[PDB]
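6 protein chains.
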Amino acid sequence: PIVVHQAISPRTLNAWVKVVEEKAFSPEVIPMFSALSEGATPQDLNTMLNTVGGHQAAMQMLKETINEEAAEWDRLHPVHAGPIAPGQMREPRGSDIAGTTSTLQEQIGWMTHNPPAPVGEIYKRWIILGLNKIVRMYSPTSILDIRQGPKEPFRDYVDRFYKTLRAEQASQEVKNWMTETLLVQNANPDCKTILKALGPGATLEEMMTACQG
Amino acid sequence: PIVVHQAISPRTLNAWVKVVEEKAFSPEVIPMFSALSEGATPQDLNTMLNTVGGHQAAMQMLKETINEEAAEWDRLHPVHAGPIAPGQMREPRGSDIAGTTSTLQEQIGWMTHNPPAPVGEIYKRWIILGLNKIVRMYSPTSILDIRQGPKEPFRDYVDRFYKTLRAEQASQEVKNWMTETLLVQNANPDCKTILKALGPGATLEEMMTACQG
Amino acid sequence: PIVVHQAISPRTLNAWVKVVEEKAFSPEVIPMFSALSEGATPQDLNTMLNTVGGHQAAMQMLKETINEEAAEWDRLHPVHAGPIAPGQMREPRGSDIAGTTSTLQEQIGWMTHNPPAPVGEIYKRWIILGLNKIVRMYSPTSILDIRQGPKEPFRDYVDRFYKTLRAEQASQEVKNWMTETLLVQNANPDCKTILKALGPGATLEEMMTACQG
Amino acid sequence: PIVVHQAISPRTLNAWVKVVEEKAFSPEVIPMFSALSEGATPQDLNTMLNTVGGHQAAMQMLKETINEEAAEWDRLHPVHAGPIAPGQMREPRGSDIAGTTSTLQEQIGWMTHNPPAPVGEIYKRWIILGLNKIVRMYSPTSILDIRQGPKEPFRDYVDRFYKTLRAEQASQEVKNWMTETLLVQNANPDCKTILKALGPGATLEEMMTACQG
Amino acid sequence: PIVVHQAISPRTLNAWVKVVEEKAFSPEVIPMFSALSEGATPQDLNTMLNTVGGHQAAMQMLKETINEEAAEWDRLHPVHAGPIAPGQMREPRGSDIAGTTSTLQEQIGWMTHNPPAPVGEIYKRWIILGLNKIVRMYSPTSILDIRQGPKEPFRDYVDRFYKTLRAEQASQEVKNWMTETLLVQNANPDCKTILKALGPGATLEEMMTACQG
Amino acid sequence: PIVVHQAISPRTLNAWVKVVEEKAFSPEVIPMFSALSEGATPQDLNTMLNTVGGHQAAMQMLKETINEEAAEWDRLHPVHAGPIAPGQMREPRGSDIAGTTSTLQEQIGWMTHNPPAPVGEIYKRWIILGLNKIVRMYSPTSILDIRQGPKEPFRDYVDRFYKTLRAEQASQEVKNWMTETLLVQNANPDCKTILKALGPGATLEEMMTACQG
Ligand SMILES: [Cl-]
Ligand SMILES: [Cl-]
Ligand SMILES: [Cl-]
Ligand SMILES: [Cl-]
Ligand SMILES: [Cl-]
Ligand SMILES: [Cl-]
Ligand SMILES: [Cl-]
Ligand SMILES: [Cl-]
Ligand SMILES: [Cl-]
Ligand SMILES: [Cl-]
Ligand SMILES: [Cl-]
Ligand SMILES: [Cl-]
Ligand SMILES: [Cl-]
Ligand SMILES: [Cl-]
Ligand SMILES: [Cl-]
Ligand SMILES: [Cl-]
Ligand SMILES: [Cl-]
Ligand SMILES: [Cl-]
Ligand SMILES: [Cl-]
Ligand SMILES: [Cl-]
Ligand SMILES: [Cl-]
Ligand SMILES: [Cl-]
Ligand SMILES: [Cl-]
Ligand SMILES: [Cl-]
Ligand SMILES: [Cl-]
Ligand SMILES: [Cl-]
Ligand SMILES: [Cl-]
Ligand SMILES: [Cl-]
Ligand SMILES: [Cl-]
Ligand SMILES: [Cl-]
Ligand SMILES: [Cl-]
Ligand SMILES: [Cl-]
Ligand SMILES: [Cl-]
Ligand SMILES: [Cl-]
Ligand SMILES: [Cl-]
Ligand SMILES: [Cl-]
Ligand SMILES: [Cl-]
Ligand SMILES: [Cl-]
Ligand SMILES: [Cl-]
Ligand SMILES: [Cl-]
Ligand SMILES: [Cl-]
Ligand SMILES: [Cl-]
Ligand SMILES: [Cl-]
Ligand SMILES: [Cl-]
Ligand SMILES: [Cl-]
Ligand SMILES: [Cl-]
Ligand SMILES: [Cl-]
Ligand SMILES: [Cl-]
Ligand SMILES: [Cl-]
Ligand SMILES: [Cl-]
Ligand SMILES: [Cl-]
Ligand SMILES: [Cl-]
Ligand SMILES: [Cl-]
Ligand SMILES: [Cl-]
Ligand SMILES: [Cl-]
Ligand SMILES: [Cl-]
Ligand SMILES: [Cl-]
Ligand SMILES: [Cl-]
Ligand SMILES: [Cl-]
Ligand SMILES: [Cl-]
């Protein structure tokens, strides 16, 4: 990464390889990726993806998402013809952003320019977009199927509800509706009766402390 | 964090993920969070919360607490209309403090200004307030129910008393009353008689050495 | 490595030795090598290869590849006769690039010159070329033999397909043809019928979500 | 700590938490605490104590010792009334030294002043005084009860003697008397006879090599 | 080591102690030693050898090799008599190079002089010469005894061949002859017939892919 | 340590505690101590000794050795009476060198003076002298009792010989005599006959390769 260029640390590499081995494509793996790739060059970003053995269906899907985003970049940013002047960088293509047709020094060149061409952060967006698709697709449950069991503690139901919700393929407005409609609706008879008496203004804390006893 | 901006270390991330896995929401997890997040940007703070898989009922409660605090900030700090002058930062909203509508550079901008706008430390307050609510709520025992067993060493009773007390949802004045009233009252017959003979001026050390034999 | 010369870190050495022990010559070992050897001198590169015990057939093959590349370098770069002027470096031979006939200071000398003679990155190319040969040769499967089982989830078939494809000894144009022709052709009867109905324009995501149920 | 302020390292935190878990309040835990808290601010010192789960009887005793020392500081250092001048620090109270009524910047302010107000080292004294009380109180043995067994190697007896002595609640003059009187007196008949023949001028080395055979 | 003098890192020490415990005097232990001792002073080099418990026959042999080399140095470098001038270092003896009659500051003095007296790299040569003797002597097999089994995969035979070859006590010209003569000669009947048909121009890759089926 | 003063690292502390737990007072523990305490202040040196739990007979012996050396220092260095001038350090006593009557800043003061008063290296000498006494005393074998078994490989005998020799309480001239006289004398009949035929000029390598078959 760039803090001056610096090689990606052995501990960073190992941490990323381990989380993929241990947790596959659970939602929390994405902010971990983002955190381990802070200030990453495209080279560093490719290093992290390429160090993954297994899961090659997902890694292939990720490539295709990356290529779509790169093609969309090219459409919006047509490269102008001409010789590059002294002390200037060429305009980066989608493939340059993704690290395949640009060198490390060119990536250092773009990232440290005034004003910067933040190719690391652009490529990182595309990767996370692709990781989101994989997380959503590899989710085993739908939010409509999360229903509290007759002897299930409310805390356990809410844990499963919001785990599934975090994986759901929907915006925040839709997520608000899922919380507003389904959470109380799919609680068990006794807790569902208690929560309806609180009303639709109740906080999660209130709902949880209400169905505690 | 900021010491110059620095990426959050793999060891810091792993340490935080591990403590949540191992200890859930035991009281000691909060000073650990605070220690691992020293000089954290809002981005760093969101990274730590977002890297948690599981416990999504608590993580959702935390979001709601964060949103309440953000709304209260907005009420007390109405944003003034106008173009931002050269070499000045805009006034941060609650959502900017919580890292959702502000960039990393804006957070660096506020935190390193003269005088500083300490958005990292403000957001950290809100998070710890929310973690406190969770710790208190997830506590399995009340301080009124802590009673020394007939063959229980006094040290073991006092260990359970102050563990439960640390989790209790009360101020220091109330905690002083709990110590002043309940500790001796709920000791076993033989130790309770011994402690009443010491009187209400006795230190914990004195009380413990008295009920040793 | 050079960031100023720096000794190769114990953690870097151990990380490289471990990955060879654990994963042998799986495709992902190569980007790991590359990542652990960022800014490496030829001395550092020889250190990493020489620290491997076992697999000496592969390590010998690697030497021969290195020697071929070194001989090809010498052919293209005939050394000119004459005394080296003050504040100048001699032209490096293939053996100098590979670290056997050059000193550490000479490698520092070439790598930090204006303009640089990037002997570390040249030798690293030759090593990775040789590692590729080994990976390809040590692959146990051919892409033609990857066929979906009658009760095999499509995701598992695609995982095996692209794992084998990554090891295949072919260019990207050939790889595109392998994806275009074989993937659908060697799916099981029920999924193969479904994928033909999508057509040859379908993304991997689409193909995978189609054969999910 | 301060080396410039620096956040307490994850490895330091973990090392302290582990030693308390593993060794409880064995005498060697105190120099470990001191070593792990070198140049610590009061904030850092509270972080270390607060990260301890369990042992809350001891942690409460420690608080009370801290409060006694803070009250004694206040008595000896009455705060003078007046506005604090430009480029000056206020006089710290006991609660400021203990980190509860002072900010981190105020602690940095006192510790880096010319001349310094070493609030970190003052609070560290109070903590170690309190840890000593706990170690002494939690010791299971008295030095008077350490007696060499009839078939016990002298080295093993001396190991138990000085382990118990290190925990004893006594000054060095008293410790010298314990060594001068009890060590030889409570040896077994055969070794006790041998040691009396050496006389009271003998070194520990001499005493140990004498009772070897 | 010197990068300014720096103490040898705990991780470096532990890494060296572990490799000796785990791998004894396998050939790969030598480049590991060299890598862990980059820029080492003679003091650092003695630290590494002295931290080895066990294997004292080998460590004694190493001392004798070191003493031979030191005596040879003294013969070639007779020390000239006279007072050492201001801002000059004395000429180092063999014992000074080996760290026994020189101080740390004297070693820093020689290593950082203009031009340098590279006593660290000289002593490191002598140690590696001695380690080579030990590796060769402690090798359990001769290259003449490596013969392919009738059902042994060619890769396994070649692995054993070059493992034994790496330990052999011979120059590269002799090693070339061992490869040219023995490798094919001591293959099993079926593979030996196949390899003779390739001819003496064949690469190892070619020989291995030929005897694959 | 001092590299500027620096706190002793958690990894250094743990490494020292572990080696004492694992290896007790084996000869190799002493160079490990020395290596882990490079540039240590007396405070750092006391930290390392004080962090040891158990072995308090040895730790007490060490104190007594330290006190002897401190008393001898005082005898040779009588402190001169007078007020200390501006920008000067007082003459250190034995107790100041051992860290008990001097502060950390005073130790920094002496160690960084021009010319330096190397109190860290002086105290380190005294400690290692005391550790040597303990190693020698705690050795279970005498060099006179090391005799090759009738079916014992010569390498194993030589390993035991030099392990015991390293622990022996004797100078290098005496050690040379032990090697010259006992090693061959206490070999088994068949190897003893072979070694006498080599003569007293033979190297260890020669002796070992001679008794190999
Ligand atoms: Cl994986
Ligand atoms: Cl998965
Ligand atoms: Cl790759
Ligand atoms: Cl360009
Ligand atoms: Cl640009
Ligand atoms: Cl960027
Ligand atoms: Cl479900
Ligand atoms: Cl779930
Ligand atoms: Cl579920
Ligand atoms: Cl409803
Ligand atoms: Cl968790
Ligand atoms: Cl919980
Ligand atoms: Cl997230
Ligand atoms: Cl702004
Ligand atoms: Cl502002
Ligand atoms: Cl802040
Ligand atoms: Cl209870
Ligand atoms: Cl409890
Ligand atoms: Cl309880
Ligand atoms: Cl009462
Ligand atoms: Cl291996
Ligand atoms: Cl393999
Ligand atoms: Cl080698
Ligand atoms: Cl040159
Ligand atoms: Cl050049
Ligand atoms: Cl290079
Ligand atoms: Cl197959
Ligand atoms: Cl496969
Ligand atoms: Cl397969
Ligand atoms: Cl088809
Ligand atoms: Cl604990
Ligand atoms: Cl305890
Ligand atoms: Cl706390
Ligand atoms: Cl103030
Ligand atoms: Cl002040
Ligand atoms: Cl301080
Ligand atoms: Cl006892
Ligand atoms: Cl004991
Ligand atoms: Cl005992
Ligand atoms: Cl007596
Ligand atoms: Cl060993
Ligand atoms: Cl061996
Ligand atoms: Cl030694
Ligand atoms: Cl000199
Ligand atoms: Cl010189
Ligand atoms: Cl050198
Ligand atoms: Cl063999
Ligand atoms: Cl072999
Ligand atoms: Cl073999
Ligand atoms: Cl032949
Ligand atoms: Cl121990
Ligand atoms: Cl022992
Ligand atoms: Cl102590
Ligand atoms: Cl002074
Ligand atoms: Cl002085
Ligand atoms: Cl010193
Ligand atoms: Cl013996
Ligand atoms: Cl032995
Ligand atoms: Cl023995
Ligand atoms: Cl003899």
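Chains as they are written, first to last, in the deposited numbering: chain V, 1 to 3, 11 to 220; chain A, 1 to 3, 11 to 220; chain G, 1 to 3, 11 to 220; chain F, 1 to 3, 11 to 220; chain W, 1 to 3, 11 to 220; chain Y, 1 to 3, 11 to 220.
The beta carbon of each residue, even a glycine, is placed where N, CA and C say it ideally should be.
Check, Outcome
"Answer yes or no: the CB of Y/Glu29 versus the heavy atoms of ligand 51, is any distance below 7 Å?", "no"
"Does ligand 36 have even one heavy atom less than 7 Å from the beta-carbon of A/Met118?", "no"
"Which whole-angstrom value describes the C-beta separation of F/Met118 and A/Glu212, a residue pair presumed to lie in contact below a C-beta threshold of 8 Å?", "About 30 Å; that fails the 8 Å criterion."
"Let's see if you can read the secondary structure: which residues bound the alpha helix (DSSP H) around V/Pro38?", "36 to 43"
"Quick one: does the C-beta of A/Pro125 sit closer than 7 Å to a heavy atom of ligand 16?", "yes"
"Under the criterion of a Cβ to heavy atom distance below 7 Å, does A/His12 qualify as lining ligand 31?", "no"
"Starting from the beta carbon of V/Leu20, find every residue of chain G whose beta carbon is closer than 8 Å, and list them in chain order.", "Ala22, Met39, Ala42, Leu43"
"Quick one: does G/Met215 have its CB under 8 Å from some CB of chain V?", "yes"
"When DSSP labels each residue in this structure, what does F/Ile153 get in the three-state scheme?", "coil"
"Determine which residues share a DSSP beta bridge with G/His12 and list them.", "G/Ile2"
"Closer than 7 Å by C-beta to Y/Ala22: which residues in its own chain qualify, once you throw out the five before and the five after it? Chain order, please.", "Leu43"
"Using beta-carbon positions only, say whether A/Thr48 and A/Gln114 come within less than 8 Å of one another.", "yes"
"Are the C-beta of Y/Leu211 and some C-beta of chain W separated by less than 8 Å?", "yes"
"Considering only their Cβ atoms, is the gap separating V/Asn57 from G/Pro38 smaller than 8 Å?", "yes"
"Could you work out which residues of chain V lie near G/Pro160, taking near to mean beta carbons separated by less than 9 Å?", "The premise fails here: G/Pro160 is roughly 10 Å from chain V at the closest Cβ pair, so nothing lies under 9 Å."
"Is the CB-CB distance between Y/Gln63 and F/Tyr169 below 8 Å?", "yes"
"Are V/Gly106 and V/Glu76 close, meaning C-beta to C-beta below 8 Å?", "no"
"If you check the beta carbons only, do A/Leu83 and A/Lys131 fall under 8 Å apart?", "no"
"Alpha carbons only, please: which of A/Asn193, A/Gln176, A/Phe161, A/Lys182 is nearest the one belonging to A/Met214?", "A/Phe161"
"Which residues in the same chain have their Cβ closer than 8 Å to the Cβ of F/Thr110, if we skip the five residues on either side of it in sequence?", "none"
"Anyone know if the C-beta pair for V/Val59 and G/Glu35 falls short of 8 Å?", "yes"
"Cα separation between W/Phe40 and W/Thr171?", "20 Å"
"Within the present structure, is the beta-carbon of A/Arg167 separated from the nearest heavy atom of ligand 19 by less than 7 Å?", "yes"
"Quick one: using the 10 Å Cβ neighbour count with 16 as the cut-off for buried, is W/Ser149 buried or exposed?", "exposed"
"Indicate, with yes or no, if ligand 49 has a heavy atom lying under 7 Å from the CB of W/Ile153.", "yes"
"Which residues bound the alpha helix (DSSP H) around A/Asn21?", "17 to 30"
"Compare the C-beta of A/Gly106 against all C-beta atoms of chain F and say whether one is closer than 8 Å.", "no"
"Less than 8 Å between the beta carbons of V/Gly137 and V/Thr54, yes or no?", "no"
"Assuming G/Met96 contacts G/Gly116 under a Cβ cut-off of 8 Å, what Cβ separation, rounded to an integer in Å, is found between them?", "5 Å"
"For a test of your reading of the model: does the CB of A/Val26 fall under 7 Å from any non-hydrogen atom of ligand 21? Yes or no.", "no"
"Restricting to Cα atoms, I'd like to know which of G/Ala14, G/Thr216, G/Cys198 is closest to G/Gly46.", "G/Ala14"
"To test your reading of the DSSP string, which unbroken alpha helix (DSSP H) runs of 4 or more residues are found completely within the segment 106 to 187 of chain W?", "111 to 118, 126 to 145, 161 to 174"
"For a contact meaning CB atoms closer than 8 Å, what does Y/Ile15 contact in chain F?", "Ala42, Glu45"
"Is any heavy atom of ligand 33 found at a distance shorter than 7 Å from the C-beta of F/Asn57?", "yes"
"Less than 8 Å separating the beta-carbons of A/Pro1 and V/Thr19?", "no"
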